[PDB]
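There are 2 protein chains.
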Amino acid sequence: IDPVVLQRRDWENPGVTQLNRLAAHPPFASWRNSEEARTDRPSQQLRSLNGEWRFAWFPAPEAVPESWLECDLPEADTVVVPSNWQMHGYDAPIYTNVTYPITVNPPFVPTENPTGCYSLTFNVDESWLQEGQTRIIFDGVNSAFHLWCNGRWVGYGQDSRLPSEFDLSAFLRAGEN
Amino acid sequence: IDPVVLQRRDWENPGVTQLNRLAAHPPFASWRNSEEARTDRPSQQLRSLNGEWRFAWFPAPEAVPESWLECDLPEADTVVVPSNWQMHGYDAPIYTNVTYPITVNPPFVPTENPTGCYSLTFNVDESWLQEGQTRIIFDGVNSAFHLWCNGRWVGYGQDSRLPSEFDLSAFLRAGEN
Ligand SMILES: [Mg+2]
Ligand SMILES: [Mg+2]
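Which chain is which? The protein sequence lines are B and C, in order. So the first sequence is numbered by PDB author numbering: it starts at 6 and just counts up by one. So the second sequence is numbered by PDB author numbering: it starts at 6 and just counts up by one.
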């Protein structure tokens, strides 16, 4: 995968902690019924994309083949999301206390940078696209990520412990995405 | 010019105020003689690049031809630097008090964005490149700029009223640059 994304190396620049990320806010559900809001019941406007996803491990972002942007890699596995890929055995989890698990050379990280390629094919109803705004919410991604929707680059996010949100309204189509 | 530079539009993103810019610091001259430092005499290690530069005006960054990176544009004039290009008559200076001179739509600016293409051919001695670090210092560039050296992209800067500095050690060659 290329070109601006690999050349710009946003994950080695503390001046770039996000690209195209929406403003942070308190928890939303966008109820269209007041009584459902009052009683804190599920909202039709808030969908979980949790469940079975496609996943492939790579030793570095340079190793990621371009075709992955367009379609599923045959060598990928089907895995549960949310998950830490170390818990599925793709590489080792590391326990260190104080000493960084990487060479201390800010803002640089090792060239061998384990890379998790997650993908999902899913439906979007036309009602969601005729009007209004459809965003995706990643509550936790460790430690940084680039996002594509239907082959098009959407954005980038950092901070493993807060939600990253991106407007997908111009990226989605009715049916399979 | 292209591809990552025009695609990223760093001049319409308050999250990117510089790329590859060096840390700010008090005025340096790197004297190699202490008596010279004491008397505040000129330093052979601090060279002015003020004087005659080549300049061309464009209505937008998109209209800048790729060739300008590699070689001088025949249509470019020879102008004095430092200068404001309005004072040379290339476009009009604007006096507004409170109301912004552009449509208030942060972080966006008009697609018609007057662009000043400056170039300089200059000598660097081998003594400068065999040892140590050679930086360029721009004390004031209004309002934002990309920098190339011998065709290769160096970095980007904002804030019109403070110096932007860049390491050219790896971009320069002995003789003409
Ligand atoms: Mg970064
Ligand atoms: Mg900017």
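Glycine included, each C-beta is placed from N, C-alpha and C at the ideal position.
- Query: By Cβ distance, which residues of its chain are closer than 7 angstroms to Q91 of chain C, with the 5 residues on each side in sequence left out?
  - Reply: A97, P98
- Under 8 angstroms Cβ-Cβ, which residues of chain C neighbour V9 of chain B? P8, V9, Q12, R13
- Query: So does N18 of chain C have its beta carbon nearer than 7 angstroms to some heavy atom of ligand 2?
  - Reply: Correct: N18 of chain C has its Cβ closer than 7 angstroms to ligand 2.
- Message: I'd like the list of long-range same chain contacts for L54 of chain C, defined as Cβ closer than 7 angstroms, with 5 residues on each side in sequence excluded.
- Response: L125, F127
- Message: Need the endpoints of the beta strand (DSSP E) that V69 of chain C sits in, please.
- Response: No beta strand (DSSP E) contains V69 of chain C, which DSSP labels as neither H nor E.
- Query: Is the beta carbon of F60 of chain B less than 8 angstroms from the beta carbon of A81 of chain B?
  - Reply: yes
- Contact between the segment 16–29 of chain C and the segment 155–170 of chain C (3+ Cβ pairs under 8 angstroms): The segment 16–29 of chain C vs the segment 155–170 of chain C: in contact.
- Run down chain B in chain order and give the residues with a C-beta less than 7 angstroms from the C-beta of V21 of chain C. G20, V21
- Unbroken stretches of the alpha helix (DSSP H), 4 residues or longer, contained in the segment 60–137 of chain C: 72–75, 131–135
- Message: Out of C:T120, C:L51, C:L78, which one is the CA nearest neighbour of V146 of chain C?
- Response: C:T120
- Query: Start and end of the alpha helix (DSSP H) containing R13 of chain C?
  - Reply: 9–13
- Query: Taking the Cβ atom as the reference point for each residue, do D172 of chain C and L11 of chain C lie within a distance shorter than 8 angstroms?
  - Reply: no
- For ligand 1, any of its heavy atoms closer than 7 angstroms to the Cβ of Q23 of chain C? no
- Message: For the structure I just gave you, are there three or more beta carbon pairs, one from the segment 144–158 of chain B and one from the segment 98–110 of chain B, closer than 8 angstroms?
- Response: no
- Query: Helix, strand or coil: how does DSSP classify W58 of chain B here?
  - Reply: strand
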